[PDB]
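Shown next as structure tokens: one chain only, the form deposited in one PDB entry.
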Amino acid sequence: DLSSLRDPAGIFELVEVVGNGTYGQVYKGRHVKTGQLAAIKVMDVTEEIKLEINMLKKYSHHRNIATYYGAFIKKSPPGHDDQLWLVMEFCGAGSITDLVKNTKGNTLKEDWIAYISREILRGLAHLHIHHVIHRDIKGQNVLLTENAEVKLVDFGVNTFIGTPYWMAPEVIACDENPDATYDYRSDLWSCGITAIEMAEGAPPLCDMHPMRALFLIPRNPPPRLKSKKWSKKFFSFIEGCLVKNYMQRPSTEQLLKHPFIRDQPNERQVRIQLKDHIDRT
């Protein structure tokens, strides 16, 4: 398999690094013959894994998951590590973190949050039914197309630990919880924190040292929204996502049936406003 992946030369070229580090070596690439854009993840190969591809092949075809196109291996000196290119759907509008970052008052209107949270839960549902936990839901992994469509990137379940602010309490080992549990509901916690991140512009504990946030998440009560302006429905949704003990955290299906997620008599108008916002920048 791996040994049958062609050189990308003449097929995809790299344009530039996107996300300025949040994803590692992920480039905006273009399909040479057509000029269509693609995001390309570039890794030195030394690690039959090689199974990241099989995941992306089976599980990316859902509309809320960025589509896997294909893989290439670039011939490198005697002499030097070969590079593997993973080529994915390009999501032009960018991350939902960036959206809130660029909005005035670093906050999104509540029905934008309902729309987006639902899209994330839909992508997550697709992964969970196929027994896959994303394990790193956060606004930086939730992407937007020009079409104002919502797509999850960067899943699977390495040597560096990323940002801790969206991690569920249970996935953080401690004296009482020695073997740090990843359960599909962990993603639901992360989704709730992503909802707070959309409402306030940053996750709870954003002002802590990452290490101190890691210490605190399992020891703290569930985070709550700072302002009081939000609807009872949103408070309740956030509350559902952030059930401290995952054993009583609602399932993905249940949260999708939560009133805040289910009753959206503004989808059409909301989807148009996001379109409007994306273009205005």
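The term rigid core refers to the maximal set of C-alpha atoms that superpose within 1.5 Å between the two forms. Residues that one form lacks are left out of the comparison. Note that residue numbering begins at 1 and tracks the sequence as displayed.
The form deposited in another entry exists for this protein as well; it is not shown, and the discussion that follows is about that form.
Listing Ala71, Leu99, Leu127, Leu144 as candidates, which single one shows a C-alpha movement of 2 Å or greater between this form and the one not shown when the core is held fixed?
Spelled out, the residue whose C-alpha shifts by 2 Å or more is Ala71.
Superposing on the rigid core, do we see a C-alpha displacement of 2 Å or more at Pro221 between this form and the one not shown?
No; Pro221 is a residue whose C-alpha shifts by less than 2 Å between this form and the one not shown when the cores are overlaid.
With both forms fitted on the core, give yes or no for whether the Cα of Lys41 moves by 2 angstroms or more between this form and the one not shown.
Yes, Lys41 moves 2 Å or more.
Using the rigid core as the reference frame, would you say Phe260 shifts its C-alpha by 2 Å or more between this form and the one not shown?
No; that C-alpha moves by less than 2 Å between this form and the one not shown.
Pair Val150/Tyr23, Cα separation in the other entry versus the displayed form, closer or farther by 3 angstroms or more
More distant in the other entry, by 3 Å or more.
Based on a C-alpha change of 3 angstroms or more, tell me if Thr22 and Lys104 lie closer or farther in the other entry than in the shown form.
Here the pair is closer than in the other entry; there, farther apart.
Enumerate, in order of sequence, every stretch of at least three consecutive residues present in both forms where each C-alpha is displaced by 2 angstroms or more between this form and the one not shown, superposition done on the rigid core.
CA shift runs, sequence order: 4-47, 50-53, 69-87, 154-157, 160-162.
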